[PDB]
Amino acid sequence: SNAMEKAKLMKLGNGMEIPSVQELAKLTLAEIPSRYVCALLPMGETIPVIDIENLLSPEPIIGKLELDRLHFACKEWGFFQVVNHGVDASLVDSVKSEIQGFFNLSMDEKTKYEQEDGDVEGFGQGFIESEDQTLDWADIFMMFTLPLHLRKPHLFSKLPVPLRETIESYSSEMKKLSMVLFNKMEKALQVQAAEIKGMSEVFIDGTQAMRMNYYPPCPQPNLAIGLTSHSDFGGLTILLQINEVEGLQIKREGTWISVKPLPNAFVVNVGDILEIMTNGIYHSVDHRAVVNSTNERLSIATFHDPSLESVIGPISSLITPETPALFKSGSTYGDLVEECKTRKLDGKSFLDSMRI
């Protein structure tokens, strides 16, 4: 791939668009550019598996055992796989093939959507902020998917039709599965939705977004990271690993644990806002995605978050003498999102900043 492309991809100033790593990987460089070098914990028992059919079983003994398993996973792990989840195999196959198809399109075709200033949705990691900034070894496509009025209509119109139709179907199925899980988590926590401002009501008309992740092979995989360590900010994340390449890791007791998605599974995790709503009973866990020297990895994360005007705090029935209130109450989700963006990166986590 030509000398001009190398120059366009590597001669970067602050304020320029973050370049495509899928394009950079075509150069097959010996050494990665300095911006991709990180500047840690050892490697490690595997994440629990929750069966959705068992969870929804009309047989109370089956349902109760699976509820106990869900409750355990949310408390002790913050991450679990879901199987027998009711999302049609043919839909999942289409999500995989259409997203694979999409990233294999040319840059021109992937960036057809024209962003007005402050429109950050669609393809792209954003802009280079400083020489200090570390870039992830990944390209993304990220957009809001619910409610309907948060969809960028021109972005959706410029997607390939089968991808768009598949994404719209997948949005609905992800939303349904998220509500199955929120409803059972409510039941596990013994929150009566009628008497109490609970959990499910916050999410039923909440926001949904998708982040499609493309992690190209990297010649120096022990210097770079696919996706920098983070906890997800919102409610429930439902992740599909698109191909059979491993890379997701979670931070457990000061060590990184690999997650290997089962063939017909999604990986589900608790976000920071859900930790707050549960008064710290369920845990939002730090995780990252690592790259490798030989194979690209793809994934799609679907985030299920409160409405922007939802008032956030620990659910009052989870505040007890045995579990006193750990977190502040009373900010809207949208204000927490904004405050976190303009927060100090030096010092504490978002969660630790919300502690009473």
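From 1 onward, residues are counted along the sequence shown.
A.B. asks: I'd like the number of residues from the deposited sequence that lie between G44 and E45 yet are not in the model, binned as none, 1 to 3, 4 to 9, or 10 or more.
C.D. replies: Going from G44 to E45, the model skips 4 to 9 residues of the deposited sequence.
A.B. asks: Quick check on the record: how many residues from the deposited sequence are absent from the model between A39 and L40 (none, 1 to 3, 4 to 9, 10 or more)?
C.D. replies: Per the deposited record, the segment joining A39 and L40 lacks coordinates for 4 to 9 residues.
A.B. asks: Give the stretch, out of 298 to 306 and 57 to 65, with the larger mean C-alpha temperature factor in the deposited entry.
C.D. replies: Per the PDB entry, the higher value belongs to 57 to 65.
A.B. asks: If you average the CA temperature factors over each stretch, which comes out higher, 204 to 212 or 107 to 115?
C.D. replies: For C-alpha atoms only, the mean B-factor is higher in 107 to 115.
A.B. asks: Based on the PDB record, which member of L70, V291, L29, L326 exhibits the highest Cα temperature factor?
C.D. replies: Going by the entry's C-alpha B-factors, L29 comes out highest.
A.B. asks: Could you tell me which one of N279, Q192, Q81, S284 shows the highest CA temperature factor in the PDB record?
C.D. replies: Answer for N279, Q192, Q81, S284: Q192, with the highest C-alpha B-factor.
A.B. asks: Taking the entry's C-alpha B-factors for this chain, is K175 in the lowest, middle or highest third?
C.D. replies: Lowest third, going by the recorded CA B-factors of the chain.
A.B. asks: Please rank the C-alpha B-factors of the chain's modelled residues and tell me whether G347 sits in the lowest, middle or highest third.
C.D. replies: For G347, the deposited C-alpha B-factor lands in the highest third.
A.B. asks: Going by what the PDB entry lists, where does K75 fall on CA B-factor within its chain: lowest, middle or highest third?
C.D. replies: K75: CA B-factor falls in the lowest third of its chain.
A.B. asks: Ranked by Cα temperature factor within the chain, is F233 in the lowest third, the middle third or the highest third?
C.D. replies: As the PDB entry reports it, the C-alpha B-factor of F233 lands in the lowest third of its chain.
A.B. asks: Would you mind ranking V21 by its C-alpha B-factor against the rest of the chain and naming the third, lowest, middle or highest?
C.D. replies: Bottom third by C-alpha B-factor.
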